[PDB]
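[1] let me give you the complex in parts, starting here:
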Amino acid sequence: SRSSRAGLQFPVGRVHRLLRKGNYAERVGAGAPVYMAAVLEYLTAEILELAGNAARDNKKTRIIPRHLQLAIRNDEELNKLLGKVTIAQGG
Amino acid sequence: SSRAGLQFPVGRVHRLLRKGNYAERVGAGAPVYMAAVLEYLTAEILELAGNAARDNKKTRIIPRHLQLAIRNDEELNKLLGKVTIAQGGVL
């Protein structure tokens, strides 16, 4: 479908449905879901690549909230982006 | 808004709510309620600022007096706490 056709791994259809039912505009284009899905995929991949390195630093496979807190508060851009976010049980 | 003993545009706030994309439907009591709330806040502001301007031997409200009422009223100070009143000074 759109998810595979855009070279992605996120639900383009679900993002479009959330945009349409979210009352973000009277109408929603046909490229906004594809753009949003790619942005979210990139952000999630960045965080899961930093948290993966943080966890492998402690020689641990499963990623726990502390690993995510360490990655977010270590990387500068993610720190200022989520500068008002409480990563529960993160430290 | 003479139907509800107000001086604000119930019709205009109804139209703004309808076109604001704030919901699929808008009730028939939201315009009146929000108009009355807006009217109460307006009257409170131009009572405090009016008293302030009378205490400054002036007959006209000015931004310095508006920020002399908002800042000297603790409720309005907390409400508008991140507001930069133009041409207001500090006191």
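    Received it, and whenever you're ready, just let me know what you need. Numbering: from 1, shown residues only, chains lettered A, B, ... in the order given.
[2] how many neighbours does whichever residue of chain A sits closest to chain B have?
    Evaluated by CB to the nearest CB, chain A has residue A:23 as its residue closest to chain B, separated by 5.5 Å. Any C-beta I mention is one placed from the backbone N, CA and C, and that applies to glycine too. For residue A:23, the count of nearby residues is 12 (other CB atoms under 10 Å in any protein chain shown).
[3] do the same with residue A:64
    Residue neighbour count, defined by other CB under 10 Å, stands at 14 for residue A:64.
[4] list the contacts of it.
    In this structure, residue A:64 makes contact with residue A:55, judged by CB atoms under 8 Å, 6 or more residues apart in numbering or on different chains.
[5] I figured the residue of chain A closest to chain B hits residue B:21, correct?
    Yes - counting by CB atoms under 8 Å, residue A:23 sits close enough to residue B:21 to count as a contact (5.5 Å).
[6] before we move on, the earlier item: dihedrals phi and psi, the residue of chain A closest to chain B?
    Recorded main-chain torsions at residue A:23 are phi 60, psi 40, according to degrees, to the nearest 10.
[7] got the contact list for it?
    Each residue near residue A:23 by CB under 8 Å, 6+ apart is listed here: B:21, B:22, B:23, B:24.
[8] which of those sits closest to chain A?
    Top of the list for closeness to chain A, among the contacts of residue A:23 and by CB to the nearest CB, is residue B:21 at 5.5 Å.
[9] nearest spatial neighbour of the residue located most distally from the centre of chain A, skipping sequence neighbours?
    Residue distances from the centre of chain A (CA atoms, centre = their mean) peak at residue A:26, which lies 26.2 Å from the mean C-alpha position. Computed as CB to CB, 6 or more residues apart in numbering or on different chains, the closest residue to residue A:26 that is not its neighbour in sequence is residue B:21, at 6.4 Å.
[10] in contact with that neighbour: list those residues for me.
    Contacts for residue B:21 (CB under 8 Å, 6+ apart) come out as A:23, A:24, A:25, A:26.
[11] now, these that are in strands?
    When DSSP state E defines the strands, the subset of the contacts of residue B:21 inside them is empty.
[12] put together a markdown table for these, with distance to residue B:54 on each row.
    As requested, the contacts of residue B:21 are arranged in a markdown table below (distance: CB to CB, whole Å):
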| residue | distance to residue B:54 |
| --- | --- |
| A:23 | 46 |
| A:24 | 47 |
| A:25 | 48 |
| A:26 | 48 |
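[13] look up how far residue A:32 lies from the residue farthest from the centre of chain A.
    14 Å (CB to CB, to the nearest Å).
[14] here's chain C, drop it on:
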Amino acid sequence: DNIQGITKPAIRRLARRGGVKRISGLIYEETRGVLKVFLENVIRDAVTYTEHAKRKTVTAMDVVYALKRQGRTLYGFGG
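    Okay, here's chain C dropped in alongside the others:
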């Protein structure tokens, strides 16, 4: 009076997590009031949400929204 439930060792632990190397003897009585006002604000907002939902049971989503209303987004208790 259940405000003493926030005992001196708990406040000391919260301070030592914050890098504090020494603590005055009047810090505890003031931190109790700080926690009280913070809890009162968040709980009033959550109770307002619950009353709006014509419920009688506060929920984690009520608390999360009550915290988001003042800039403190919580990650984890909504999934």
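[15] need phi/psi at the residue farthest from the centre of chain A.
    Per degrees, to the nearest 10, the residue geometry at residue A:26, taken as phi and psi, is phi -70, psi -30.
[16] ok, residue C:71 next?
    The phi and psi torsions at residue C:71 (degrees, to the nearest 10) take the values phi 90, psi 0.
[17] what's near enough to touch the most centrally placed residue in chain A?
    Closest residue to the average C-alpha location of chain A: residue A:44 at 3.1 Å, with CA atoms, centre = their mean. Contacts for residue A:44 (CB under 8 Å, 6+ apart) come out as none.
[18] any idea which element it lies in?
    Taking DSSP states H and E as the criterion, residue A:44 maps to helix A:32-57.
[19] tell me who's in contact with residue C:71.
    Neighbours of residue C:71 in contact, by CB under 8 Å, 6+ apart: residue A:84.
[20] now the residue in chain A that chain C sits nearest to: how far from residue B:43?
    Chain A approaches chain C most closely through residue A:88 (3.6 Å), counting by CB to the nearest CB. Plainly put, residue A:88 is 44 Å away from residue B:43 if you go by CB to CB.
[21] kindly report the same for residue C:71.
    Using CB to CB, we find residue C:71 at a distance of 30 Å from residue B:43.
[22] residue A:65 is in contact with residue A:54, correct?
    No - Residue A:54 is not in contact with residue A:65 according to CB under 8 Å; the separation is 11.6 Å.
[23] more neighbours: those two, which one.
    Neighbour comparison, residue A:54 and residue A:65: the larger count goes to residue A:54, with 20 against 15 (by other CB under 10 Å).
[24] the more buried one: what's it in contact with?
    For residue A:54, the set of contacting residues under the criterion of CB under 8 Å, 6+ apart consists of A:67, A:70, A:71, A:74.
[25] export these to CSV and tack on distance to chain C?
    Output for the contacts of residue A:54, formatted as CSV (distance: CB to the nearest CB, whole Å):
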residue, distance to chain C
A:67, 13
A:70, 14
A:71, 13
A:74, 16
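[26] take those and keep only those in helices.
    When DSSP state H defines the helices, the subset of these inside them is A:67, A:70, A:71, A:74.
[27] centroid residue for chain C?
    Centre of chain C computed as the mean C-alpha position; nearest residue by CA atoms, centre = their mean is residue C:39, 4.1 Å away.
[28] helix or strand for that one, just tell me which one.
    When elements are defined using DSSP H and E, residue C:39 is found to belong to helix C:27-52.
[29] drop chain D onto that structure:
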Amino acid sequence: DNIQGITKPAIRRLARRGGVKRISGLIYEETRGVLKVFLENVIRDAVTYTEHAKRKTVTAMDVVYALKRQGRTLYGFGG
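    Alright, chain D goes in next:
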């Protein structure tokens, strides 16, 4: 270097409005550095709004929105 146009007397007047009674010698440089992270941010937000609107003239409304989205509302320069 048109930041030097934010002169020492103007900084002293701003401090005196703030309530400052004495001022150090490096406060001027530090305040210039502080002001050119405020301008360099609000102007960037306003210019990206203008570029989105396909315009080439920044507007009072562009500035007001760029200020409100960083948690600093402006009253008066709109409509």
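[30] for chain C, which residues are neighbours of chain A?
    Of all the residues in chain C, those in contact range of chain A (CB under 8 Å from any CB of the partner chain) are C:67, C:71, C:72, C:73, C:74, C:75, C:76, C:77.
[31] tabulate those residues (JSON lines), appending secondary structure and distance to chain D.
    Listed next are the residues of chain C next to chain A as JSON lines, based on DSSP: H, G, I helix; E, B strand; the rest coil; distance: CB to the nearest CB, whole Å:
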{"residue": "C:67", "secondary structure": "helix", "distance to chain D": "17"}
{"residue": "C:71", "secondary structure": "coil", "distance to chain D": "9"}
{"residue": "C:72", "secondary structure": "coil", "distance to chain D": "14"}
{"residue": "C:73", "secondary structure": "strand", "distance to chain D": "15"}
{"residue": "C:74", "secondary structure": "strand", "distance to chain D": "19"}
{"residue": "C:75", "secondary structure": "strand", "distance to chain D": "21"}
{"residue": "C:76", "secondary structure": "coil", "distance to chain D": "25"}
{"residue": "C:77", "secondary structure": "coil", "distance to chain D": "25"}
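[32] what subset of these is buried?
    Buried positions within those, assessed by neighbour count (16 or more other CB atoms under 10 Å in any protein chain shown), are C:67, C:74, C:75.
[33] give me the residue from chain A nearest chain D.
    Ranking the residues of chain A by distance to chain D (CB to the nearest CB) places residue A:84 first, at 10.4 Å.
[34] hang on, isn't that residue packed against residue C:73?
    Yes - Residue A:84 sits in contact with residue C:73 when judged by CB under 8 Å, with a separation of 6.2 Å.
[35] distance of the closest residue to residue A:87 other than its chain neighbours relative to residue A:46?
    The shortest distance from residue A:87 to any non-neighbouring residue, by CB to CB, 6+ apart, is to residue A:69 (4.3 Å). Taking CB to CB as the measure, residue A:69 falls 15 Å from residue A:46.
[36] neighbours of the residue lying closest to residue A:48 once chain neighbours are set aside, how many?
    Once flanking residues are discounted, residue A:48 sits nearest to residue A:63: 7.7 Å by CB to CB, 6+ apart. The burial count assigned to residue A:63 is 15, neighbours taken as other CB under 10 Å.
[37] residue A:63 contacts residue A:51, correct?
    Yes - the pair residue A:63 and residue A:51 qualifies as a contact (CB under 8 Å) at a distance of 5.3 Å.
[38] list phi and psi for residue A:3.
    Summarising the backbone geometry of residue A:3 under the convention degrees, to the nearest 10, its torsions are phi -60, psi -50.
[39] please consider this matter closed, and thank you.
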